[PDB]
Structure formats: structure tokens, C-alpha cells
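Enquirer: One structure is given below, represented as C-alpha cells, and several questions about it will come after.
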Amino acid sequence: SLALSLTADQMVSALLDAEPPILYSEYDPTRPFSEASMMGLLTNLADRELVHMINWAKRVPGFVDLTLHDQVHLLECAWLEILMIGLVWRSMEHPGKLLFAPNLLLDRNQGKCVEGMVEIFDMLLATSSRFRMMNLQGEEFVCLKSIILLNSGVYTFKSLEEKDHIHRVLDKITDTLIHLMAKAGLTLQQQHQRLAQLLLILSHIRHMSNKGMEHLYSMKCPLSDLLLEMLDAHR
Amino acid sequence: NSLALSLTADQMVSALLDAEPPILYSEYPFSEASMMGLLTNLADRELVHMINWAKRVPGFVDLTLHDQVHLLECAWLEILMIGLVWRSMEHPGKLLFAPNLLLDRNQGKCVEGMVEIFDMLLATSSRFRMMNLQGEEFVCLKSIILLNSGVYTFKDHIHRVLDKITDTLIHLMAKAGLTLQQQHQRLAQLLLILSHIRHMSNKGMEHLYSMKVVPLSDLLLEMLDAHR
Amino acid sequence: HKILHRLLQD
Amino acid sequence: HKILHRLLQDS
Ligand SMILES: O=C(O)CCCCCCOc1ccc(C2=C(c3ccc(O)cc3)[C@@H]3C[C@@H](S(=O)(=O)Oc4ccc(Br)cc4)[C@H]2O3)cc1
């Protein structure tokens, strides 16, 4: 595996260069929003983002060393967590608003157009303000998003050798985070404290994914077939 | 100001160890009803001791009552689960619910839909065992769950206490002889497992508020009602 | 209101 | 063969 031969700087460069683009929605400002149309917008957006996410995952160091079966399992478990952390990141500098797309910036009052979604909106908004207070950096963000991919399904997989490689890669990402913080001038105590603060946020991102997923496979009761398969993997 | 922030790392460890709740027993071939009865009754008695334990976590008493309630409502099943996983560490393949209630995944199949949670719990226990999780680390992780799981659904005092617990965990690893790199690597490994514990609690909670069978107490019912 | 209230004060 | 499987397989 070449992933374990990367220096810390080379890891950040690999992750930064692999970043997916920020997509636009079909939001027509003149069309009055409804529950159906707003969910339409979020669903269309997420579906297009999934294609980029899949090709981004191939470029996370270590990921393509896994079997295809394992790659499928990690993406099925982590996809909404990954969409959510991206949303929270690009929303950092828009207090009280979620930047779903450059042309789709929503506050919580508009999230009430979909009954039951405002609770998730508030949690996303709170995570975004948390990042803003911490002044999360772009290099730290891409590390965290890669941790989510490799971590979120590794406990629901003859073959421990696959789980061992993922852990060696996850350890390499920890070294890279610490490396970023040491270059930022943080002390040793500050480095370990910030590292903990960042990983604890992953617990709230897991929580939001689970709560959101729960509502998505009740909203089932226009989506594309990939997202439907992604959604069904949680049932 | 809070007294918890002046504690040294040895003082934090000893206080958390001393706050540990007792190990409880269950009643002395399981159906689905009898299985859920035993677990519900055991969880109900454990909740009372968990609240006492929470009052003794440094910094928890400095929060308002509203904030104490929110954290315990958010975290109670996570806290039961890490306790169970910890006790089961030395019993590979089995969940030690009580000293007289040690179960395998086959017995988990008696309740439709629990075997999935059982397997996740077993996996976490074996992960802790392979990591050689020490009891001092365990009480730190369990206190982190209490203070962290609801902090973002309300904050500054809580994050200062969480930092103190990070310092304490690193101190424990340094004392255990780990290098700098091994210290932060282990810290991350343990904190990432907390994300899986959140996932188990969420999936378990989803089932608990679908089956409304066994005589769950009113406290346990209000604790479950907070997640609906 | 909540049994959790009494248990946190006793 | 899931859609995600094929897309991960594409080259
Ligand atoms: O089978 C059929 O017939 C169709 C059924 C399948 C449709 C799949 C939709 O697919 C999706 C629909 C909505 C989203 C969303 C987001 C998102 C999108 C892009 C992005 O980059 C980041 C976040 C953000 C965060 C989630 S969320 O947790 O709020 O969901 C919620 C939560 C509560 C409610 Br009530 C509704 C949605 C939602 O808002 C995600 C997927």
C-alpha cells in the first residue's frame, strides 16, 4: 500500500486536491417553495453530489486498497454523514443559515416547510457554529471527512486484515491532524485538546445522520435509484 | 468558578473511580417477553445509580438542573452500553449484562431485531479487549459521553471540563509508557469508538420506542420519551 | 413534572 | 450488483 508511505504534507495535498466541487441547485427563486419542491431540491442536489463523493472516495489514500465489498459498505454507512459535514463546512461563514448551494441558502424558518426537518436543521446549524468558534481549517476538514469514510462502517463489517489496514490509515490521518496543529503553533496540550474536540464532533455528526436517515426512510413512505439503494442499506 | 478545573489528573482519575456505580444482579429458556423483562428491569435499576454517578462526575454539579437533565436524557443508553461493553471485555463472544446474566448472540435472537445490536455490542467489546482498555481510561470515556452527547443540542463550562478529561486520558497513557505518537493515536482510536456507541444507542432507541409489551417504569419511560 | 428531577435533587 | 458497486468498479 502506497497510502502508508505518504508524509503528512503529502497526505494533506492528496486530500485537498481530491476535493469535490460545490454544485448548484435548480432553485428558481420565483417558484413558491413547497414541501415537495424543497425536498425535490435537496434530493436532486444530494443525488448529483453522490457521484462526486464516490469518485472522491477512490482518491482517499488507502480506500482503493480495500476490497470492493468493503468500499461499498463504508460508503453506504457514511454517505449522509459526509454530505452533512460538507454542508456544515461550506456554511461556516453564514451564521444562522445552511448553504446547500451558492444559490440555495436556507435558514431554519424555511426548513419548517418540511415537517420534522427543522430539528435536524438546528443541529446542523449548531455544528456549523461550533466549527466557526473553533476556526476549523480546510486542511483539518478534509482529514475529518476522510476519517468519517474510513471509520463509520468499520465495526459492522476470516478477514481482520482488512480492518487492520483501515486502522493503520486512520492512525496516519491522526498523525496528520497533529502535524497540522503543531505547525499552527499550538502547544502539546493544545494539540491533544483540539484533536479531541474535533473527533467528538464526529459523534454529533453520526447522531444527525441517524436522525436524518430515520426520517428519509419515512419520507419514502423524485428520488433516483442510487440514492434509493443508499437509503435502503440502512434497513 | 468550578472546582473540577483545579483537580490534577490523579485527582480526576481517583474521583471518577470512586464514583463508579455498583454492578447489579438480575432475577435468579428465555422467551421474547421474559428476555425483555429481565433487561428492562435491570436497565431500570441501573438508571437510579447512573444519576448518582453523574452527580459525582467533576463539573456536572456546577450545571443547572435543566442542563443536567438534558445531558442524561441524551446519553443514558450510550452510558448503559459502554458499561455493558466494559463488563463484557473479559468474556469474548458474550455480553455480561449481570454476573448471573451472561448471554451470547444466539440468545439475542430470541428478541426479533436485537441480534443486530448484540453483534455491534460484541464487536465493541472485542475492540476494547484488543486495545487492552484500562479501567482508568474507561471511566474517562464514560464521563466524556455524559458531557459531550448533548452539548450541541442546548456550553463553555462543559467544554473546559471535557478538555480536563482529555488532559487526564493523555496523562494516563504517558504514565503507561506510550510515546507521544502512540498517545495521540490511542486517544483518537478511543474517541472514534464513541461514534459507534452513539450509533448503537440510536439504533437501539429506534427499536425501544417501537414496541409499546414489557412493564417499563415511568422514569425509564420518560427517559425513552425524550428521544421521540 | 419529571421523575429525573427528583432523582437529581435527592 | 448494486449501482454503487458498478460505479466503484468503473474505470
Ligand atoms: O423513495 C421515495 O419515494 C423517495 C425517498 C428517498 C429520498 C432521498 C432524499 O435524499 C436526501 C434528501 C435530503 C437530504 C438532506 C440534506 C442534505 C443534502 C445535501 C447535502 O449536501 C447535505 C445535506 C440536508 C440534511 C438532510 S436531513 O436529515 O434533513 O433529511 C431529512 C430529515 C427530515 C425530514 Br422530515 C426530511 C429529510 C436533508 O437536508 C439528503 C438526502
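Residues are referred to by chain and number: the chain letter is A, B, ... according to the order shown in the C-alpha cells, the number counts from 1 in that chain, and ligands are numbered separately from 1 in the order shown.
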Near residue 214 (chain A), within 9 Å and counting only C-alpha atoms, which residues show up once chain neighbours fewer than 4 positions away are dropped, as a list in words?
Expert: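 That gives residues 209, 210, 218, 219 and 234 of chain A; 206 of chain B.
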Enquirer: Can you write out the residues you just picked, keeping N, CA, C and O atoms, as a PDB file, in the first residue's frame?
Expert:
ATOM      1  N   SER A 209     -26.854  12.128  11.246  1.00  0.00           N
ATOM      2  CA  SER A 209     -27.081  11.189  10.149  1.00  0.00           C
ATOM      3  C   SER A 209     -28.171  10.186  10.500  1.00  0.00           C
ATOM      4  O   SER A 209     -29.098   9.961   9.708  1.00  0.00           O
ATOM      5  N   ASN A 210     -28.090   9.593  11.707  1.00  0.00           N
ATOM      6  CA  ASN A 210     -29.065   8.592  12.128  1.00  0.00           C
ATOM      7  C   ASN A 210     -30.459   9.194  12.208  1.00  0.00           C
ATOM      8  O   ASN A 210     -31.435   8.599  11.734  1.00  0.00           O
ATOM      9  N   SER A 218     -38.714   7.231   6.138  1.00  0.00           N
ATOM     10  CA  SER A 218     -40.135   7.502   6.323  1.00  0.00           C
ATOM     11  C   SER A 218     -40.697   8.433   5.254  1.00  0.00           C
ATOM     12  O   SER A 218     -41.887   8.341   4.933  1.00  0.00           O
ATOM     13  N   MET A 219     -39.870   9.343   4.717  1.00  0.00           N
ATOM     14  CA  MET A 219     -40.254  10.141   3.554  1.00  0.00           C
ATOM     15  C   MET A 219     -40.519   9.271   2.338  1.00  0.00           C
ATOM     16  O   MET A 219     -41.352   9.623   1.497  1.00  0.00           O
ATOM     17  N   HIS A 234     -29.573   1.077   4.996  1.00  0.00           N
ATOM     18  CA  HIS A 234     -29.734   1.326   6.423  1.00  0.00           C
ATOM     19  C   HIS A 234     -30.959   0.639   7.007  1.00  0.00           C
ATOM     20  O   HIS A 234     -31.372   0.974   8.124  1.00  0.00           O
TER      21      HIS A 234
ATOM     22  N   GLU B 206     -34.333   3.441  18.536  1.00  0.00           N
ATOM     23  CA  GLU B 206     -35.334   3.296  17.491  1.00  0.00           C
ATOM     24  C   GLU B 206     -36.223   2.087  17.752  1.00  0.00           C
ATOM     25  O   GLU B 206     -37.444   2.151  17.578  1.00  0.00           O
TER      26      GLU B 206
END
Enquirer: Hey, what's within 8 Å of residue 120 (chain A) if we count only C-alpha atoms and toss same-chain stuff fewer than 5 positions away? As JSON, numbers by chain, please?
Expert: {"A": [208, 211, 212]}
Enquirer: Grab the residues selected above and save them as a tab-separated table (two decimals), in the first residue's frame with N, CA and C atoms.
Expert:
chain	number	residue	atom	x	y	z
A	208	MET	N	-26.74	13.11	13.90
A	208	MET	CA	-27.55	13.79	12.90
A	208	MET	C	-27.85	12.90	11.70
A	211	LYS	N	-30.58	10.37	12.84
A	211	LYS	CA	-31.89	11.01	12.92
A	211	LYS	C	-32.41	11.37	11.53
A	212	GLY	N	-31.53	11.90	10.67
A	212	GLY	CA	-31.95	12.23	9.31
A	212	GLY	C	-32.33	10.99	8.52
Enquirer: Need to verify the contact set: residue 5 (chain C), 10 Å, only C-alpha atoms, exclusion of same-chain residues closer than 2 positions in sequence. Can you return it as a PyMOL selection string?
Expert: (chain B and resi 65-66+68-69) or (chain C and resi 1-3+7-10)
Enquirer: Can you tell me which residues come within 7 Å of ligand 1 when counting only C-alpha atoms and all ligand atoms, ideally as a ChimeraX atom specification?
Expert: /A:39,42-43,45-46,49,80,83-84,86-87,100,114-117,120-121,208-209,211-213,215-217,219-223,227-228,231
Enquirer: Could you save those same residues with N, CA, C and O atoms as a short mmCIF file (atom, residue, chain, number, x, y, z; two decimals), in the first residue's frame?
Expert:
data_model
loop_
_atom_site.label_atom_id
_atom_site.label_comp_id
_atom_site.auth_asym_id
_atom_site.auth_seq_id
_atom_site.Cartn_x
_atom_site.Cartn_y
_atom_site.Cartn_z
N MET A 39 -37.93 19.47 -0.85
CA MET A 39 -37.34 18.14 -0.79
C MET A 39 -36.83 17.71 -2.15
O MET A 39 -35.77 17.07 -2.26
N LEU A 42 -33.37 19.40 -2.42
CA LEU A 42 -32.34 18.75 -1.62
C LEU A 42 -32.02 17.37 -2.18
O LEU A 42 -30.86 16.94 -2.17
N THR A 43 -33.03 16.66 -2.69
CA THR A 43 -32.83 15.30 -3.18
C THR A 43 -32.04 15.31 -4.49
O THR A 43 -31.07 14.56 -4.64
N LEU A 45 -30.00 17.63 -5.49
CA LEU A 45 -28.65 18.05 -5.14
C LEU A 45 -27.83 16.89 -4.58
O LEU A 45 -26.71 16.62 -5.05
N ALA A 46 -28.37 16.19 -3.58
CA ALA A 46 -27.65 15.09 -2.95
C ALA A 46 -27.31 14.00 -3.96
O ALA A 46 -26.21 13.44 -3.93
N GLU A 49 -24.39 15.09 -5.92
CA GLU A 49 -23.22 15.06 -5.04
C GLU A 49 -22.68 13.66 -4.82
O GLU A 49 -21.47 13.48 -4.65
N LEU A 80 -24.48 9.97 4.25
CA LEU A 80 -25.18 11.16 4.74
C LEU A 80 -24.30 11.94 5.73
O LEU A 80 -24.31 13.18 5.74
N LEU A 83 -22.20 13.98 3.38
CA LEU A 83 -22.94 15.12 2.86
C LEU A 83 -23.13 16.18 3.95
O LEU A 83 -22.97 17.38 3.70
N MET A 84 -23.43 15.74 5.18
CA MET A 84 -23.70 16.69 6.25
C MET A 84 -22.45 17.47 6.65
O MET A 84 -22.53 18.67 6.91
N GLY A 86 -19.91 18.24 4.80
CA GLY A 86 -19.66 19.20 3.74
C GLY A 86 -20.58 20.40 3.83
O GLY A 86 -20.14 21.55 3.73
N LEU A 87 -21.88 20.15 4.02
CA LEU A 87 -22.84 21.23 4.22
C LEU A 87 -22.43 22.14 5.38
O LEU A 87 -22.44 23.37 5.26
N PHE A 100 -26.78 25.19 1.24
CA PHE A 100 -26.95 23.96 0.49
C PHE A 100 -26.27 24.06 -0.87
O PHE A 100 -25.62 23.12 -1.32
N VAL A 114 -40.70 21.55 5.48
CA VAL A 114 -40.75 20.10 5.56
C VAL A 114 -40.90 19.74 7.03
O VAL A 114 -39.97 19.93 7.83
N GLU A 115 -42.08 19.24 7.40
CA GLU A 115 -42.38 18.95 8.80
C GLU A 115 -41.44 17.88 9.34
O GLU A 115 -41.33 16.80 8.77
N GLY A 116 -40.77 18.20 10.45
CA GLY A 116 -39.82 17.30 11.07
C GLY A 116 -38.38 17.54 10.69
O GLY A 116 -37.49 16.93 11.30
N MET A 117 -38.12 18.41 9.71
CA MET A 117 -36.77 18.68 9.26
C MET A 117 -36.09 19.79 10.05
O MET A 117 -34.86 19.87 10.06
N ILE A 120 -33.46 18.71 12.61
CA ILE A 120 -32.16 18.41 12.01
C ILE A 120 -31.46 19.70 11.60
O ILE A 120 -30.23 19.83 11.73
N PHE A 121 -32.22 20.67 11.07
CA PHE A 121 -31.64 21.94 10.65
C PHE A 121 -30.92 22.62 11.81
O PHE A 121 -29.80 23.11 11.65
N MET A 208 -26.74 13.11 13.90
CA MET A 208 -27.55 13.79 12.90
C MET A 208 -27.85 12.90 11.70
O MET A 208 -28.97 12.91 11.17
N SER A 209 -26.85 12.13 11.25
CA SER A 209 -27.08 11.19 10.15
C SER A 209 -28.17 10.19 10.50
O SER A 209 -29.10 9.96 9.71
N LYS A 211 -30.58 10.37 12.84
CA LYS A 211 -31.89 11.01 12.92
C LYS A 211 -32.41 11.37 11.53
O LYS A 211 -33.58 11.15 11.23
N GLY A 212 -31.53 11.90 10.67
CA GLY A 212 -31.95 12.23 9.31
C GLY A 212 -32.33 10.99 8.52
O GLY A 212 -33.40 10.93 7.91
N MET A 213 -31.47 9.97 8.56
CA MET A 213 -31.77 8.72 7.87
C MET A 213 -33.12 8.17 8.29
O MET A 213 -33.90 7.72 7.45
N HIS A 215 -35.74 9.74 9.19
CA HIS A 215 -36.82 10.44 8.51
C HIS A 215 -36.82 10.17 7.01
O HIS A 215 -37.88 10.22 6.38
N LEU A 216 -35.66 9.89 6.42
CA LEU A 216 -35.61 9.68 4.97
C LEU A 216 -36.31 8.39 4.58
O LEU A 216 -37.02 8.36 3.57
N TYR A 217 -36.12 7.31 5.34
CA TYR A 217 -36.86 6.09 5.02
C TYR A 217 -38.24 6.07 5.67
O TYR A 217 -38.88 5.01 5.74
N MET A 219 -39.87 9.34 4.72
CA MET A 219 -40.25 10.14 3.55
C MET A 219 -40.52 9.27 2.34
O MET A 219 -41.35 9.62 1.50
N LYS A 220 -39.80 8.16 2.21
CA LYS A 220 -40.12 7.17 1.19
C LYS A 220 -41.57 6.72 1.30
O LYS A 220 -42.29 6.63 0.30
N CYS A 221 -42.02 6.45 2.52
CA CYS A 221 -43.39 6.01 2.78
C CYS A 221 -44.36 7.19 2.70
O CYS A 221 -45.29 7.19 1.90
N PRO A 222 -39.10 13.33 -6.15
CA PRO A 222 -38.47 12.36 -7.05
C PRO A 222 -37.06 11.98 -6.62
O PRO A 222 -36.18 12.84 -6.60
N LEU A 223 -36.85 10.71 -6.29
CA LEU A 223 -35.53 10.21 -5.92
C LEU A 223 -34.98 9.34 -7.04
O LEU A 223 -35.72 8.69 -7.78
N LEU A 227 -29.53 6.83 -4.84
CA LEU A 227 -29.91 7.30 -3.52
C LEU A 227 -30.87 6.34 -2.84
O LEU A 227 -30.79 6.14 -1.63
N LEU A 228 -31.79 5.75 -3.61
CA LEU A 228 -32.70 4.77 -3.04
C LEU A 228 -31.94 3.55 -2.53
O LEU A 228 -32.24 3.04 -1.44
N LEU A 231 -30.16 4.60 0.58
CA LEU A 231 -31.09 4.69 1.70
C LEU A 231 -31.49 3.31 2.22
O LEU A 231 -31.60 3.11 3.43
#
Enquirer: Between B:30, B:107, B:219, B:227, which one has atoms that come closest to chain C, using only C-alpha atoms?
Expert: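 Going through B:30, B:107, B:219, B:227 one by one, the smallest distance to chain C is for B:219.
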Enquirer: Between A:68, A:92, A:101, A:188, single out the one closest to residue 1 (chain D), counting only C-alpha atoms.
Expert: A:68
Enquirer: Could you list, as a ChimeraX atom specification, every residue within 9 Å of residue 204 (chain B), counting only C-alpha atoms and ignoring same-chain residues fewer than 6 positions away?
Expert: /B:77,114,117
Enquirer: Store the residues of this selection in a file with C-alpha atoms, as a PDB file, in the first residue's frame.
Expert:
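Final output, selection37.pdb:
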ATOM      1  CA  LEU B  77     -28.471   4.462  26.675  1.00  0.00           C
ATOM      2  CA  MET B 114     -31.900  -7.307  18.762  1.00  0.00           C
ATOM      3  CA  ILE B 117     -27.456  -4.558  18.207  1.00  0.00           C
TER       4      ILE B 117
END
Enquirer: Please identify every residue of chain A that has at least one atom no more than 9 Å from any atom of chain D, counting only C-alpha atoms, and report them as a VMD selection string.
Expert: chain A and resid 51 54 to 55 58 68 to 69 71 to 72 75 to 76 225 to 226 229 to 230
Enquirer: One decimal, Å: what's the distance from CA of residue 202 (chain B) over to CA of residue 105 (chain B), could you say?
Expert: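 Between these atoms lies a distance of 19.7 Å.
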